[PDB]
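For reference, the structure discussed in these notes is given below.
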Amino acid sequence: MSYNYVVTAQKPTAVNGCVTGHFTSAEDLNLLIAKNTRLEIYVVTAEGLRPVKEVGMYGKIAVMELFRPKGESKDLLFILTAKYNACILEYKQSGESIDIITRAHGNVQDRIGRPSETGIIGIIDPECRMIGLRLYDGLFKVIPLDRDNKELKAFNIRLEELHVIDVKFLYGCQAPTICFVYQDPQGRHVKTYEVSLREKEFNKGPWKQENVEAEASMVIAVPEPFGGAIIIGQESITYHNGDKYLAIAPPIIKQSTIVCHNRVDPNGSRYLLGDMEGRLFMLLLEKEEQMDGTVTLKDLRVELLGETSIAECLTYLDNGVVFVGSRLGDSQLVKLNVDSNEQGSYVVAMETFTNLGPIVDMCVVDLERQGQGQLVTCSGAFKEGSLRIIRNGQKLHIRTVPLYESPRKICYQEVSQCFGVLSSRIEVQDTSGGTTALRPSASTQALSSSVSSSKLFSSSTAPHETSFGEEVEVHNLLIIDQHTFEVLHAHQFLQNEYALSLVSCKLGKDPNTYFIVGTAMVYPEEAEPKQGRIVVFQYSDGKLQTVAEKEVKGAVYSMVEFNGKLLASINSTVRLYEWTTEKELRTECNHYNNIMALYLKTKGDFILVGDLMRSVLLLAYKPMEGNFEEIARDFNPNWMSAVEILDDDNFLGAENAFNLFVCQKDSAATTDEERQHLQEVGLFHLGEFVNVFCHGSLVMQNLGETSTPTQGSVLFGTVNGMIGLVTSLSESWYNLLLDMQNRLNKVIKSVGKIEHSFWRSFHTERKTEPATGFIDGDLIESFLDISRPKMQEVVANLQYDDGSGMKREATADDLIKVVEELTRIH
Amino acid sequence: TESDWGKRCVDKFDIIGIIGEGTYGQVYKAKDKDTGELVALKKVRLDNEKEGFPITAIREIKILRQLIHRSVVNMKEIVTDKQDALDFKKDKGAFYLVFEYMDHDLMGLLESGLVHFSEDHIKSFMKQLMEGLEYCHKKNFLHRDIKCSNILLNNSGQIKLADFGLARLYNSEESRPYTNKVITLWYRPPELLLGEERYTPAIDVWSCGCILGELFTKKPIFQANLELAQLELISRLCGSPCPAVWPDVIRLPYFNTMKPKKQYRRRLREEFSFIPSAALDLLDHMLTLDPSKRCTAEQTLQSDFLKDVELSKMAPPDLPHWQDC
Amino acid sequence: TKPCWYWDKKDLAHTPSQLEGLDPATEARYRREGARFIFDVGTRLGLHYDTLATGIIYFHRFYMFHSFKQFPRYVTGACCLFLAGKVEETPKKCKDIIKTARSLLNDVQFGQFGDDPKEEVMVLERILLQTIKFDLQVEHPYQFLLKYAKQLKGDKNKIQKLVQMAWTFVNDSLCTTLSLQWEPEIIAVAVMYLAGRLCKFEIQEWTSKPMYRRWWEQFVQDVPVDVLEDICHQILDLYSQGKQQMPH
Ligand SMILES: CC[C@H](CO)Nc1nc(NCc2ccc(-c3ccccn3)c(=O)[nH]2)c2ncn(C(C)C)c2n1
């Protein structure tokens, strides 16, 4: 068996959702911000936000909504986790003591159902009579909000329309009514139903179905003064309400897909819209009152306000202040002014909240030379693209290098006192026949520049037609100074060439240190690329000079230096190259038993290969034979997102289902087959999507540091900005920390009353297993924050093992010291 | 000649890697040095010498040389390790079974969640499976081990059944005691849960229905760690075993012993309301408690869902692609 | 695709056993003994008639590729029966076959099994499988005797007498190389033909074509009487050589 420890070094930073309301008091204006597994509660002031409380939940927050049922003084909070843990929460404050009440809770998962493409949707009735959930195709689940439903029991209503895009409860209806956009072979439609709690079925809805734009994406529930709904698409915005129909199709919105909506004026006169390029729009609803006294909707208008960060959620707060919740970039507070500034913008940034964004890649390098270690991460996407240099100081110090284009991979080259960064920027087919970039960015603002003239694929004779307005990715290699972080050089790769891998190393008997990049020819027609290049560059005297090129018949997904040789993965093949005295790469040996070799890692002569669906293989190079040999494979099927080698026998992997596992050689040499079976001895549900695993420690490393119980250091980056550290334990230390978890779980009160053991259970759509071989470091580190009565309750009847004293009782002061040493790792 | 199996040496194949560990022996992927065709070789070990050649491999050889169908895997030949020269008693070399190589297996494709099945994809998958099962059931062979892992699919979209190690012939006139509880718990029929031991071909049909539902939900229908719990899960959806729906349920050994919590009513049509009507009817008949009332393979092929499916169009599934990565 | 398991009578003059100096009478006797050894061992163990026959067919085929002087028959027989049991799903443990073989064999005969009987048998399985070219499925005259008899309609007792007499002829033919000369379908017809001659029955009357004097042609196409007579001659020779007479 294996024993390992996981700790959350930096908490998730990306904003996954955000709401406003009156949650802490019926009087205050609240802003609740949801980051993965984290809920942040703020109170709105005239200058900004006053933080009041933060809680963690044992689950990914999927639905977050505030409502106020008749009889309550203040808003209640509904949250549903991605594992279908539902709960209703209340804020309660006793002077200085702030706690969160679990008013109702339960798990709403169905035994049989197909998870929907557009994900979990959760909505609540304007009269707060019920909670609507769209969890599975063809089914609508209703949790009625009666006082007695403390377990959140629910029923399903058969829904004929299998493929639903979005749904909202409507305002102004005689009965609870849902309005939704759905897709069938004939296109997309908008349709209504009435929900009867008494009959437990749908009844005919208030207004007829209408055919809508093919890419109709979002439903906006218009308030009572107008009623009805607005449907947002790629090209058009339409209003529907019985006999009334409006459509505005302003050319400005066609340019970028609109992804987020919020209401500015409670009556619905003004709404806010944002798009993937970061533009913020004001949607205006023009009113017309008839002599009857009835208010109708006259027309719709769209006005461009300015630019914000690409935002997952918008929420207007008060006065001119809007909170911009960003997942791909830093989140923001911005003020909307009535008068434009001299550039034509009505939007002026107030505050900027650090979001490590998607961490596509990262490297740990001791830039200071202090032995501490700094983490430079490839963070953000598109305009929000950034390099983030992170050091420990008690908070983490983070520096931001704006790139305005997406970063893909990073590697450090000490000989050149610089980093290499792979980037992709978006250009659009323009009337010249070429392409034009939407904004300047790192690859265009380099001091010196170069464009590849390779003729390897120049024979072509393969047609790829271009239509005006289509997007293309232009991938580049950035040479960036390690002190100034100035783009010294940018090399533009070939048209339709995407950069997938990058390494810096010396090869063979060649004393020069090179940047080596692996690329693939990407054509929309091909599901899998069949052409690729391996390129050797040298960065010298401010210029990047190409040394050699190798044509491969596929995509160079990953590369890694192997004892003076270049190890590369091309599609289904793993190939090792030698570097000749003629400065040209030469094929040596190949391995083909992989469906798609996405990730590579080396230790000694051992190679860990990550397949798309076949988990990991322990390959080895036998020098005497000059060929590869399969040592062992994990036959259990998994989808890999990142792998890492812990030691010669333990191997760590990340699953696309937000899961982590550790494989070990069975080490029983009785049969050859036993050695060949990698047994999964560790299972854990991280809750984050790990993209990169990197050996190193951010915390200061000194020869004098008290040797911690933990051994080894692997840092991992995730899509939501979370950075974590994995380390190993001795059998004795694991059992102690494991036994303590079980004691802590009985003592610590969970938000929503979610069982910790369930949360960490390995979970795919098909399987759920109890966690094994892993210590939730965060749970262990929470011992220091529980009250003294609880601490002593935890240590009761707790015995140590395999130590100086075989059985040794624990006291509350003893464990406080142990955990405090465990907090020094991060 | 092509028919002289067991003489050719495994030297004629270059091993690429071990695709999977078969329960009876490991399975490796290799290339025929002469033709370049990828084939799969299953290692049969005579070293144990407890029972000599494993009977599981014996059954696969006996049966698959008889069965010819597009939806049944083809054993091409049997090859051997370099045998000891003129000393058969010292020889302990193993025998390897030549088969057609398969790009993917259904269990792996589902677990990676990398495949999205349309109705039309399922139609082509199910039609091939039933036609194969019908061929085998017409030849009076019972697979007895229908599982997601055992279904094999080439990227083209063709499906072939493969693990016949537990298969045996069925005599309608003289039903005899067979290996009890052969199928894996997730895909096991209720009759075996109750230990019929004299089961009909309908046992394989039950499993294929479990697959049918699983293709639509992308999750196995009945997942349990205990035989009783599986009966409970089945009972909730398909209804509790009761004499009215299963007149002969009382004759089954464990009927009084193994009981669901309640006498649940059938809810299959309600819980699978999202499944198309043509398919839902197939599921209701395939997942029928009484083996005598359970549909046959031919009846599934003559269903509105599958009768008008044309095998010319094999509808390849959304296969793993680099954009997906 | 599939191997040829049938030879011409003239070809048996050139079995490995013959060319090593064994005369035709001795190989014939060596076959009867080995077959009957297989039959008796499996009958003591309670084995189905197909299982006995399958082993016997393996045995007969084996000594078309090997010599009786290098492979003791009784060991081979036991090995054939052991494998047959697994092929036909009537399995037996090798130790139990040895136990029975010892019970039925004297001391000289059991000497073939050597110091370790089980080992000599289990080892040979490798050679047996390669010899029979892994063609394990075997059809036997029994199933055709019944498939064809079911299509006869007439006096219940006269047909049952025909079947049992023919069935006995099938059991006796397992001691001969007919298994190596003619497909089982022909054997089933030949034994029907022989019993009919002996019981003075005219089988055509019981067929759906009562005026088709060559009654067998509707069961087995392309069989001249020449073949059925050659077979009958070979079966009755065993009775004339021995002391046993036709069952009647
Ligand atoms: C023996 C047990 C397995 C599973 O249940 N059964 C099976 N699977 C087959 N092909 C599917 C498959 C499996 C594994 C891989 C793979 C895995 C890692 C790396 C590269 N490749 C693959 O790519 N394809 C197959 N092909 C022929 N056979 C038998 C010999 C009849 C097969 N038997």
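Within each chain, counting starts at residue 1; across the structure tokens, chains are named A, B, ... in the order shown, with ligands numbered 1 upward in that order.
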
Inset, instruction - Name all residues at most 8 Å from residue 491 of chain A (count only C-alpha atoms; drop same-chain ones fewer than 5 positions away) and give them as a VMD selection string. - result: chain A and resid 443 449 to 452 476 to 478 544

Inset, instruction - Set the cut-off to 9 Å, count only C-alpha atoms and all ligand atoms, and list whatever residues fall near ligand 1 as a PyMOL selection string. - result: (chain A and resi 572+592-596+611+613-617+633-635+637) or (chain B and resi 16-23+25-29+39-42+73-75+97-108+147-154+160-163)

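Considering the residues B:84, B:281, B:111, B:298 and counting only C-alpha atoms, chain A has its shortest atom-to-atom contact with B:111.
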
Polymer residues at most 8 Å from residue 263 of chain B, only C-alpha atoms, same-chain spacing of 2 or more positions, as a compact mmCIF listing (two decimals) with N, CA and C atoms, in the first residue's frame:
```txt
# COMPACT_ATOMS: atom_id res chain seq x y z
N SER B 235 -35.28 -5.16 -8.64
CA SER B 235 -36.67 -5.18 -8.23
C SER B 235 -37.28 -3.79 -8.26
N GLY B 239 -39.55 -4.37 -11.01
CA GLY B 239 -40.59 -4.95 -10.19
C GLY B 239 -40.09 -6.12 -9.36
N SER B 240 -40.71 -6.32 -8.20
CA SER B 240 -40.29 -7.40 -7.33
C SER B 240 -40.70 -8.73 -7.94
N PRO B 241 -39.85 -9.76 -7.84
CA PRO B 241 -40.28 -11.10 -8.27
C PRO B 241 -41.52 -11.51 -7.49
N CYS B 242 -42.56 -11.90 -8.22
CA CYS B 242 -43.80 -12.31 -7.58
C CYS B 242 -44.44 -13.35 -8.47
N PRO B 260 -36.87 -8.95 -1.79
CA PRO B 260 -36.70 -7.49 -1.75
C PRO B 260 -37.41 -6.90 -0.54
N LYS B 261 -37.01 -5.68 -0.19
CA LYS B 261 -37.61 -5.02 0.97
C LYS B 261 -39.13 -4.96 0.86
N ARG B 265 -43.42 -2.12 -7.45
CA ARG B 265 -44.07 -2.12 -8.76
C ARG B 265 -43.05 -1.80 -9.85
```

Inset, instruction - Compute the set of chain B residues within 10 Å of chain A, using only C-alpha atoms, and express it as a ChimeraX atom specification. - result: /B:15-21,25-26,28-30,103-104,107-114,213-223,233,237,268,270-276,319-325

Inset, instruction - Write out as a ChimeraX atom specification each polymer residue whose atoms come within 12 Å of residue 144 of chain B, counting only C-alpha atoms; drop sequence neighbours fewer than 5 positions from it. - result: /B:133,136-137,150,162-170,178-185,187-189,192,197,199-208
